[PDB]
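K.L.:
Protein chains in written order, with UniProt numbering: chain H, 75 to 155; chain C, 1 to 215; chain X, 1455 to 1480.
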RNA sequence: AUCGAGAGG
DNA sequence: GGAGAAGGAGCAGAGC
DNA sequence: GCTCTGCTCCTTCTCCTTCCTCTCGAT
C-alpha cells in the first residue's frame, strides 16, 4: 500500500551504504551528476553530496518477512545517522 | 504417612488448594476464601472422624464465570474428582467417564492417588467432544505457577489469536511453541492450536509480552 | 525536473526500465 | 597431483 | 567421548 | 485361574571435530 507504511521513516546505515555505493558506481560509469561538482572527482564523495541534498534518484523496496514490501524514496527517508 | 502423621493429609490439603487455584485460573467461578481453606477446616469438612481424609468428598463442580463465558462462549462446565483407589484401574476410570457422560460435563479432571494403569489411560480420551484431564496428587502438592521462574500465562481467545497472526503476518507455524505436556500447558489445559500470551519482566524493558502456541 | 540531465531520452519511449539494473545508468 | 613430517601464528 | 538409534527382555494387567 | 497380549524397562550397540600459514620430501 502507499499509505499505512509501518516501517521507520529514517534511512538505515545499510540503506545509506548501498545507496551511496550504487550511486557512486553510476557516477564512476560517467552518469550525469545532479549536484555541482565543486572540485569533486571522487564518485563516493560526489554521491555523498547528492545524498546530503537528497538528489539521489532512488527508491528503497523494504521487503517484509511474508514477502510483501513497502516502497520508500530517498527523499522521503530521513538521512540522519 | 499415617493418619496420626497428618502430613499426608496436609499434602492432600495442599493439592486440594492448588486444584482450586488451577480451576480458578482456568476461568471457573472459584472464590478467594474457597481457595484459602485452612488445614483444620479442610479436616473438619473432608477428613473422616477417624483421621481419614474422605477423598471422595473432595470432588466438586466448577462453572465458568460470566467473563470467561463472554471471552470463551463455548466454555462449558467442569467436574473435578479425586481417585479413592491408590491405583487407577479402568473400572474406576470408566466410572468417572460415565459420570461426565450422564451429567454432560464439557470437561473433567481426575486426580491420581498414587498411579494409573494403561487400561485407564487409553479410556481417558474416548468421549469427544468432552475432554478429561488428569493429574497426580503428588504433582499437585505445589502450584508451580507461583514459582519465581514462571511468568503469567494468558490463554488467548480465537479472535485474539486471529488478530495476532494477522498483525504480524504470521502463520501458525511461525509462533514460538509449547508442548501440550508442558507442566504449565497442562495447568492451563491447553489444546493444540491455542496461543498463550506470556508477560515477563525484563532488564532491557519494563516488561515484555511473548506469544507461544500449543503443540 | 528542470534538470534535463535527470531524464533519459530512451526512457521517454519506454526503452528504459528504472527499476532494472539491466538498463543500467538510469 | 595426493600423502606424512617438521614448524610458525 | 556421549550422545542417539535399534533391539532384546521382564514383568502388571486381562480375556478365556 | 492361568496363560496371553501387550508394553516399558532395560541393556547393548554405531558415529564425529578453531582458524590459518609456511617449508620439505616421499610416492
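Quick reminder that beta carbons are idealized off the backbone N, C-alpha and C, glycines included.
In whole angstroms, give me the CA-to-CA distance for residue 197 of chain C and residue 184 of chain C.
P.N.:
13 Å
K.L.:
Would the region 12-19 of chain C count as touching the region 128-148 of chain C if we require 3 or more Cβ pairs under 8 Å?
P.N.:
yes
K.L.:
Taking 8 Å as the CB-CB limit, is residue 103 of chain H close to chain X?
P.N.:
yes
K.L.:
So, are the CB atoms of residue 176 of chain C and residue 207 of chain C less than 8 Å apart?
P.N.:
no
K.L.:
Buried or exposed, going by whether 16 or more other CB atoms sit within 10 Å of the CB of residue 22 of chain C?
P.N.:
buried
K.L.:
Name, please, each residue of chain C whose Cβ falls closer than 9 Å to the Cβ of residue 139 of chain H.
P.N.:
168, 169, 170, 174
K.L.:
Thinking C-alpha only, which one of C/171, C/195, C/129 is nearest residue 216 of chain C?
P.N.:
Lying outside 1 to 215, the shown extent of chain C, residue 216 of chain C is not represented and no answer is given.
K.L.:
Are residue 107 of chain H and residue 93 of chain H closer than 8 Å when you measure CB to CB?
P.N.:
no
K.L.:
Would you give the residue range spanned by the alpha helix (DSSP H) that residue 123 of chain H belongs to?
P.N.:
For residue 123 of chain H, the enclosing alpha helix (DSSP H) starts and ends at 117-126.
K.L.:
Is the beta carbon of residue 79 of chain C sitting closer than 8 Å to the one on residue 100 of chain C?
P.N.:
yes
K.L.:
For the candidate residues C/34, C/41, C/104, C/109, whose alpha-carbon lies nearest to that of residue 140 of chain C?
P.N.:
Ranked by Cα distance from residue 140 of chain C, the options C/34, C/41, C/104, C/109 are led by C/109.
K.L.:
Take residue 118 of chain C as the anchor and find which of C/8, C/27, C/91, C/154 has the nearest alpha-carbon.
P.N.:
C/91
K.L.:
Beta carbon of residue 26 of chain C, beta carbon of residue 189 of chain C: below 8 Å?
P.N.:
Yes; because the gap between Cβ atoms is below 8 Å, this pair is in contact.
K.L.:
Which residues does DSSP list as the beta-bridge partners of residue 162 of chain C?
P.N.:
Note: residue 162 of chain C sits in no beta bridge, so no partner.
K.L.:
When you compare only the Cα positions, how much space is there between residue 89 of chain C and residue 121 of chain C?
P.N.:
Between the alpha carbons of residue 89 of chain C and residue 121 of chain C lies a distance of about 9 Å.
K.L.:
Let me confirm a value: residue 97 of chain H is counted as buried when at least 16 other C-beta atoms fall within 10 Å, else exposed. Which label applies?
P.N.:
buried
K.L.:
Which residue comes first and which comes last in the beta strand (DSSP E) that contains residue 201 of chain C?
P.N.:
First-last of the beta strand (DSSP E) with residue 201 of chain C: 195-201.
K.L.:
Going straight from the alpha carbon of residue 81 of chain H to that of residue 140 of chain H, what length do you get?
P.N.:
14 Å
K.L.:
Would residue 143 of chain H pass as an interface residue toward chain X - the criterion being a Cβ-Cβ separation below 8 Å?
P.N.:
no
K.L.:
For residue 68 of chain C, which residues of its own chain have a beta-carbon under 6 Å away from its beta-carbon, when the five flanking residues on both sides are left out?
P.N.:
27, 75
K.L.:
Helix, strand or coil, according to DSSP, for residue 62 of chain C in the structure here?
P.N.:
The answer is strand: DSSP assigns residue 62 of chain C an E or B state.
K.L.:
The beta strand (DSSP E) that contains residue 155 of chain C, what's its start and end?
P.N.:
152-155
K.L.:
How would you list, in chain order, the residues of chain X whose beta-carbon sits under 8 Å from the beta-carbon of residue 117 of chain H?
P.N.:
Under the 8 Å cutoff, chain X gives no residues; its nearest Cβ is about 13 Å from residue 117 of chain H.
K.L.:
Provide the residue(s) that pair with residue 78 of chain C in DSSP beta bridges, ordered along the chain.
P.N.:
The beta-bridge partner set that DSSP reports for residue 78 of chain C consists of C/62, C/107.
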